[PDB]
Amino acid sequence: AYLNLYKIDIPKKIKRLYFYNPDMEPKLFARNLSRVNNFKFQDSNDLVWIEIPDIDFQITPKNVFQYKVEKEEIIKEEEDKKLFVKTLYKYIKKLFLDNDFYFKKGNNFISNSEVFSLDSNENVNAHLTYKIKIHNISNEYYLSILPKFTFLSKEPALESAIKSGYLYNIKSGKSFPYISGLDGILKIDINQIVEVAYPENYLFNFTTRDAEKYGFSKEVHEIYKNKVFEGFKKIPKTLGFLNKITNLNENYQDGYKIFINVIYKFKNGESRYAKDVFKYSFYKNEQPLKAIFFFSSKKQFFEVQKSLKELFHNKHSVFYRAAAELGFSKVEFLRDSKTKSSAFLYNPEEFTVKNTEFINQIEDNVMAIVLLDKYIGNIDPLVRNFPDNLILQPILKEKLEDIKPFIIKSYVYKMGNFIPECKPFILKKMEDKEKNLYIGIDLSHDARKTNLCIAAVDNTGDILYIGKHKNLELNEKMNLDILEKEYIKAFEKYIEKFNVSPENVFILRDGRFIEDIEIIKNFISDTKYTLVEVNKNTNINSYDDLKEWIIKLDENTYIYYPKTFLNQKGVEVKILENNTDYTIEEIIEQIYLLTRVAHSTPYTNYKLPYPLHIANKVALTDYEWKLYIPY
């Protein structure tokens, strides 16, 4: 099996050269040197310097040697790994820019010779693109080269017949929302609006959704299907200038890829297909399904009354068969003795509900089937204002109008998922993993603020605890205090549920641990644990099919490619630390199984381990996540 990894063959050392110019301020001297070399120079109070790989590097202009200073320094990769990686990244960027590639944020390099206008839309250019990342595998350095495509307007924004919602800047590589382009003045979003001085440096960037929106997604899909493999194969010639640091003809090639078999245990059978839950019923149910209805108006009710009758007045409809198949003891639509109805109104303008005696006295698990007239752009008010004793279960009016069985089946599955006394399934390989506490960590720093969210689950997918903190002051010491506090809370929840400490604690991190790792290491404890870095955005891929495969890079680094009906995307898993009695291989398998310990619906599966999936989702919104995460 091929991987898009390429071995870097250069001296593992960085050279720092110095220059001095008396006629010019050091910052300006460094800026001009950076511009002409496509490589950033740094400045001091008097000296300007550059850190380069220990390779032949001809600086521009030629006569710059007249400013060269005697001072030189050599830093081994041993003494400073990050400096070597930073320097190599900047060196790769320079080579691409020197060959007239455009740079785009994320180390995406847009080719300007491998460009063709789309047959479907004359005003759109399809630029062959390569995204480049640096990997440290088995004490050696590698370079992942992912062929992809960038669709840009052929003409600058003001001179482009077609338009989009995002502008790509040719110089900076950053993208900004497109506010307006009228009367020769182009305005971008920075929430600051700014008129631009060179609007010619801005092109329209077309995403997968715009291509659908502007009617050329068919050609966009075709290009991606059997014209990206040519991108993998065009690497040696198109990227030949990279011969300086690697041999593009020596590809990365028995038992370093294992297929993980996930079997679901239902009540009356087992399967590899989550959708067989309707064949063999919830692993645990015997619970009543209780529900009431909320409509945005009397009119909306009458618009869907026929479907409402077909679904809920026929006690043998697909809705009732789904609930029976999933193992619900009964289906009950509660009715207010006053109004004698199970149907109520909500204000679609304010997303509010009038509190009543009947609604207020509702106890236990009761689903609120809330009919939405259309997809709501800001659903936070609906969640925020809804009565907290009801389980909010919104559904689009149009999907009740047409009644596709798999949708109604999925809807009933979600309801079961949101009843804590239910368990749709347990994983066959997770049945003996109750002793472990699986924790996901989403922590970002942006301003001078910090955003934190943690989520803990057990071997069955039950959510033990979720903690979230908004707008913390960016300070390593303060942030790690709160981290410890939330971690202790999740720990106590496990004990609270299992009356014993977890024997092992899995800490899965969204990205890499950049905090004081030793501080974390100590307070994580007398409990055995493992520290795991998860990268949902890994650049390592292949033209081969790796879906549902786990690939070993080195002793502590794996990549799994979860099942998906979209493009093949990888998830990197790195065991930073481990003092559990599990081997790395066993830990990696448990992390992969965590992607299946719960389902939103049986027809799709999660890509990230469930605790991390929760942590990302809860951190993303103030209230919307309550629609997806049963907590």
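All residue numbers are counted from 1 along the displayed sequence.
Count the deposited residues lacking coordinates between residue 74 and residue 75 and you get none at all. In terms of unmodelled positions of the deposited sequence, the stretch from residue 446 to residue 447 in this entry skips 1 to 3 residues. Higher mean CA temperature factor between 180-188 and 77-85: 180-188, per the PDB entry. Across the two stretches, 323-331 and 537-545, the PDB entry reports the greater mean Cα temperature factor for 537-545. Looking only at 370, 277, 407, 194, the residue with the top Cα B factor in the deposited structure is 194. Sorting 93, 528, 313, 374 by the CA temperature factor given in the entry leaves 528 at the top.
Per the deposited record, the Cα B-factor of residue 44 falls in the highest third when ranked against the other modelled residues of its chain.
In the deposited entry, the Cα temperature factor of residue 220 sits in the top third of values across the chain's modelled residues.
When the modelled residues of the chain are ordered by their C-alpha B factor, residue 2 lands in the highest third. In the PDB entry, a CA B factor belonging to the highest third of its chain's modelled residues is recorded for residue 116. Looking at the C-alpha B-factors along this chain, the one for residue 395 belongs to the lowest third.
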